[PDB]
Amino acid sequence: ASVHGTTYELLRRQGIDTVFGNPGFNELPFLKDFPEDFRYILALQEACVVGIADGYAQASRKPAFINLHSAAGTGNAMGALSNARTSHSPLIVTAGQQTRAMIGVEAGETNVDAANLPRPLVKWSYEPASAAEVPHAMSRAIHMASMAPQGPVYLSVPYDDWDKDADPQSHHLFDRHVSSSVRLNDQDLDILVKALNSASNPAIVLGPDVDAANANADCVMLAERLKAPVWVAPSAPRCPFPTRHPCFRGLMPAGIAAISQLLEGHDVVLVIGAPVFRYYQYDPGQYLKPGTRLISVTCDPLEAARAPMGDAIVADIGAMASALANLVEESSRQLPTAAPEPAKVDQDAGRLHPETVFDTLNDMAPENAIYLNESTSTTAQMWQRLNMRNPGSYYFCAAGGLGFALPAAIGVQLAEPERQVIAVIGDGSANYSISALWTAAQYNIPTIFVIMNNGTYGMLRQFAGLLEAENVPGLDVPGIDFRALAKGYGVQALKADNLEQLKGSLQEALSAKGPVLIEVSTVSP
């Protein structure tokens, strides 16, 4: 049968038909004789490779298979893998390794200490000891990434292994299925349910793993029965709730003191699918005001152990959310009032304000559109001004790693052809993963790229305001032509220097059959 044939049989039997890669010499014996039932998505830089696969996996809610070249190709993808760890993203990262006979010699393209290079961003890293073990190793790689908490995994395979004969017992791997859909036992669950019904002013914090689980609808019901406000946890990688539902309270501030003040007055605070408050800024204070008890449901033991406060349960987010929403009694309390409609900012005929750009997206864009965010100074306004009523409608780099949104948008749009993907990316952020645009052109993935050009790293200048950071170099990015960049990679390029220009550009981009980039002149932060 051979390792090559057996592995490709194992991948299809495990449901994988797509390979996101940038080719290399160690990868040719694996890439050769490519099965007709598989499809290869090529990106020009390995950060783009993983980013595309990442968005594809997050929207599909299935594993994604990557093929990179040795250490150099693995190294270029490490920033993406960092984002891919904090988003519990099921990624099977494979890298070709030199012939076993020359690894000790360290011949050119040898990945030295290969399993250590991904760490500590990968749940599992491995280099098989024997060619016939490779399929088994791939099997571990798939399940490791698939099993909760979902995470990136790494497998280095010497290129001489693919032609060798596979183990005849490797066929037992093909139909292996491991379940993680677990929930709290009835006795402890009923205790929790009794505490939610007893709470006089409960509150719900929802994290990215809620959207990863597609537990949004269950979380809506739970919020309705509890008649409880709902916040999305800070540094949110995803949107787990309808942003215009009367219970939704918006994006929590990323500060210790600021979160405990918001939570003050709620006896029970139920967190689901979220790390227990990840803070960006140092806002020292009380983690919790007195009279507030916190219960956290998480798929990740690291999150449960990490918490500075509260109880925690390590279970499946989907199974827990569905159990809690169907078990709780409907509260007599009145439903919370929907947050106020956002105000319209003054907009002259000149450079566009971010608020105006987000309002124009909301009226113009489809109700089932998918948004992506790498405009770091405008996140607060984007959450307020974009009505996202459906799951899988928002993605933001989980670890804050720039270069995610542009390639990921191509991956999401590939995963969801029926939904229109609009990526709002700031200037400067677009540079990290710029080559990915080519993949959208070559495969005609019709992602819309909206570039917010202010000529600066807006968030960095704003933050340098918090604290007296004066005379900080490297904060301005003047003189980039994004329409020229989009042409270089074959993406149709549009511009928008005013509102009417923006309105027209958007209507055109929505009608386009190919990818489109719109460079937007925006006002400085």
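In case it trips you up, residue 1 is the first one in the sequence shown, and so on.
Comparing 338-346 with 391-399, the stretch with the higher mean C-alpha B-factor in the PDB entry is 338-346. Comparing 118-126 with 97-105, the stretch with the higher mean C-alpha B-factor in the PDB entry is 97-105. Set against one another, the Cα B-factors of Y154, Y443, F404, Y371 in the record reach their highest point at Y371. Of the candidates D161, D209, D218, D188, it is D188 whose Cα B-factor is highest according to the PDB record. In the PDB entry, a CA B factor belonging to the middle third of its chain's modelled residues is recorded for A493.
Ranked by Cα temperature factor within the chain, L506 sits in the highest third according to the deposited record. Sort the modelled residues of the chain by CA B factor and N471 lands in the highest third.
Among the modelled residues of its chain, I272 has a C-alpha B-factor that falls in the lowest third, as given in the PDB entry. Sort the chain's modelled residues by C-alpha temperature factor and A430 lands in the highest third, per the entry.
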